[PDB]
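> first piece of the complex, coordinates kept as in the full assembly:
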Amino acid sequence: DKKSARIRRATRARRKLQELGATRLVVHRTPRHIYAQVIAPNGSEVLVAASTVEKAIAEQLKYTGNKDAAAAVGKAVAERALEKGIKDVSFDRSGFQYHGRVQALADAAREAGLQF
Amino acid sequence: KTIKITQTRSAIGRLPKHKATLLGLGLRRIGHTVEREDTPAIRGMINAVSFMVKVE
């Protein structure tokens, strides 16, 4: 199984980040689509969420699952997050190597105004 | 409502706890009819040293 190997690969970051009590930006990648959601320091309730599965963002792009789409999500989430009042957050890469789409999402989230 | 407690046995070869309990009830010597307010505590104190006290 792959999933389970990705969960335990993530867990250290998650458990460390819930201990500090920080608002984390979870980013689930998928072969088709990329997701993102800013979750409260308690961990249960979500404040902001956006993805390429949302038609509002899906209708604009060429294909939902690439660096240019991940930037469009990474911008979108950080556009909402500032309207809600969020600014200082952390970035939970969630067992995905900080390299392609997730880096494109992170850089877009930085460029959009979200402080981390 | 009060309860008349009486010490009916010596407190010589006794445990420090039981020696204390009598000091907490206010019993000094054998044949000392001390009356106390009836609460769940005092009944507990009496229950601790029931072997050496008598209730009226």
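That came in fine, so what should we check first? Numbering: from 1, shown residues only, chains lettered A, B, ... in the order given.

> which element follows the helix or strand containing residue A:70 toward the C-terminus?
Secondary structure assignment for residue A:70, by DSSP states H and E: helix A:67-84. Per DSSP H and E, the first helix or strand lying C-terminal to helix A:67-84 is strand A:90-92.

> that following strand pairs with which strands, parallel or anti?
Strand pairing for strand A:90-92, using DSSP bridges, gives strand A:24-26 (parallel).

> the partner strand: how far from the chain's middle?
Put simply, strand A:24-26 sits 6 Å off its chain's centre (CA atoms, centre = their mean, to the nearest Å).

> what packs against the helix holding residue A:70?
strand A:35-39, strand A:46-51, helix A:55-58, helix A:101-112 (3 or more CB pairs under 8 Å, 6 or more residues apart in numbering or on different chains; DSSP states H and E). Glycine gets a C-beta too; all of them are placed from N, C-alpha and C.

> helices of chain B, start to end?
In order along the chain, chain B carries the following helices (DSSP state H): B:16-25, B:40-48.

> burial count for residue B:24?
Using other CB atoms under 10 Å in any protein chain shown, residue B:24 has 13 neighbouring residues.

> er, residue A:52 I mean
Neighbours of residue A:52 (other CB under 10 Å): 24.

> what of residue A:86?
Residue A:86 - counted by other CB under 10 Å - has 19 other residues nearby.

> next one: residue A:102
22.

> what sits against it?
Counting by CB atoms under 8 Å, 6 or more residues apart in numbering or on different chains, residue A:102 touches A:27, A:29, A:34, A:70, A:93, A:96.

> change it to 10 Å
A:27, A:28, A:29, A:34, A:36, A:67, A:70, A:74, A:91, A:93, A:94, A:96 (CB atoms under 10 Å, 6 or more residues apart in numbering or on different chains).

> try residue A:64
A:30, A:32-34, A:51-54, A:57-58, A:70, A:72-73.

> go ahead and place chain C:
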Amino acid sequence: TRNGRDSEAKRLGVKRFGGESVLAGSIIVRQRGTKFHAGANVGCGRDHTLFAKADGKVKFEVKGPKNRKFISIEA
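Time to bring in chain C:
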């Protein structure tokens, strides 16, 4: 005899018990390995010594997948 040796005892155990108000820095448990784990506002030193990181009342919890004992503090 063949043996007759022993080590000096280490004074390990729960120092501050559940409910007890502790100060920031106070040691809660000296132990060898993580019998108890660090929860909220509790640290864990090189010696696996759990200590308070904030002024509050010590709380012993039993949570997690493997059913482990955690020590948290709540002000």
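
> once more on the neighbour count of residue A:86, this time with chain C?
Neighbour tally, residue A:86, other CB under 10 Å: 19.

> so it versus residue A:16, what's the distance?
In this structure, residue A:86 and residue A:16 are 20 Å apart, going by CB to CB, to the nearest Å.

> do the same with residue A:68
32 Å.

> next: residue C:2.
50 Å.

> who has more neighbours out of these two?
Neighbours were counted for residue C:2 and for residue A:16 using other CB under 10 Å; residue A:16 has more, 12 against 3.

> sec struct for the more buried one, please.
helix (DSSP: H, G, I helix; E, B strand; the rest coil).

> how far off centre is the helix holding residue A:70?
9 Å.

> list the buried residues in it.
By neighbour count on 16 or more other CB atoms under 10 Å in any protein chain shown, the buried set for helix A:67-84 is A:67, A:69-81.

> and the angle from it to strand A:46-51?
Going by axes from the mean of the first three to the mean of the last three CA atoms, to 10 degrees, helix A:67-84 is angled at 150 degrees with respect to strand A:46-51.

> the most centrally placed residue in chain C: what secondary structure?
Central residue of chain C (CA atoms, centre = their mean): residue C:29, 2.4 Å from the mean position. State at residue C:29, reduced to three classes by three-state DSSP: strand.

> against residue A:28, how distant is it?
For residue C:29, the distance to residue A:28 - CB to CB - is 38 Å.

> quickly list what the residue nearest to the centre of chain C is bridged to.
For residue C:29, the beta-bridge partners under DSSP bridges are residue C:14, residue C:50.

> repeat for residue A:36
On the basis of DSSP bridges, residue A:36 is bridged to residue A:50.

> list the contacts of residue 34.
Since no chain was named, I'll use chain A. Counted by CB under 10 Å, 6+ apart, residue A:34 has contacts A:27-28, A:50-53, A:64-67, A:69-74, A:96, A:101-102, A:104-105.

> my question was about chain C, not that one.
C:44, C:48, C:50, C:68, C:69.

> include this sequence as chain D:
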Amino acid sequence: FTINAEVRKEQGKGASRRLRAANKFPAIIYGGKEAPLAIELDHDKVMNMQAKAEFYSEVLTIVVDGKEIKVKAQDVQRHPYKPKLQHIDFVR
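So, slotting chain D in with the rest:
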């Protein structure tokens, strides 16, 4: 295979031993949606009853307060070395 039996009122270590030192012993009836029923009964009868192999198989009707309850002997506690019963679990 019919035994008269009283309902228990005291129950614990102190009561049970006092009871067993009076030619009786504690048993219990349970089964179905109804509540369990603690049952004091005579020793010398039930000692003679268990010699027969039917006792640990067939249905027994225990008489309690007039009412006859149908049961089977599920489990039983022998006294360690002396030939005598301590306790019987009657399933309904």
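
> once more on the neighbour count of residue A:102, with chain D this time?
With other CB under 10 Å as criterion, residue A:102 counts 22.

> one more: residue B:13?
5.

> so how far is residue B:19 from it?
10 Å.

> related to what we said a few turns ago, so the residue nearest to the centre of chain C makes contact with residue C:36?
Yes: under the criterion of CB atoms under 10 Å, residue C:29 makes contact with residue C:36 at 5.3 Å.

> mind listing the shared neighbours of those two?
Common contacts of residue C:29 and residue C:36, defined by CB under 10 Å, 6+ apart, comprise C:14, C:42, C:44, C:48, C:50, C:60, C:69, C:71.

> for residue B:55, give me its contacts.
Contacts of residue B:55 (CB under 10 Å, 6+ apart): B:3, B:4, B:5, B:6, B:38, B:43, B:46.

> please list only the buried members of these.
For the contacts of residue B:55, a neighbour count by 16+ other CB under 10 Å gives the buried set as B:5, B:6, B:46.

> residues touching the second one, list them.
Listed by CB under 10 Å, 6+ apart, the contact set of residue B:6 reads B:27, B:30, B:31, B:32, B:33, B:34, B:35, B:52, B:53, B:54, B:55, B:56.

> so where do the strands sit in chain C?
C:13-14, C:21-22, C:27-30, C:36-38, C:42-44, C:50-52, C:56-63, C:68-74 (DSSP state E).

> give me the residues contacting the second one.
Same thing as strand C:21-22. C:15-16, C:28, C:42, C:51-52, C:54-58, C:73, C:75.

> ranges for the strands of chain D?
Using DSSP E, the strands of chain D run over residues D:2-7, D:24-30, D:37-42, D:60-64, D:67-78, D:85-91.

> contacts for the longest one, please.
Right, strand D:67-78. Outside strand D:67-78, the residues touching it (CB under 10 Å, 6+ apart) are D:2, D:4-5, D:25-31, D:34, D:37, D:39, D:46, D:49-50, D:55-63, D:84-92.
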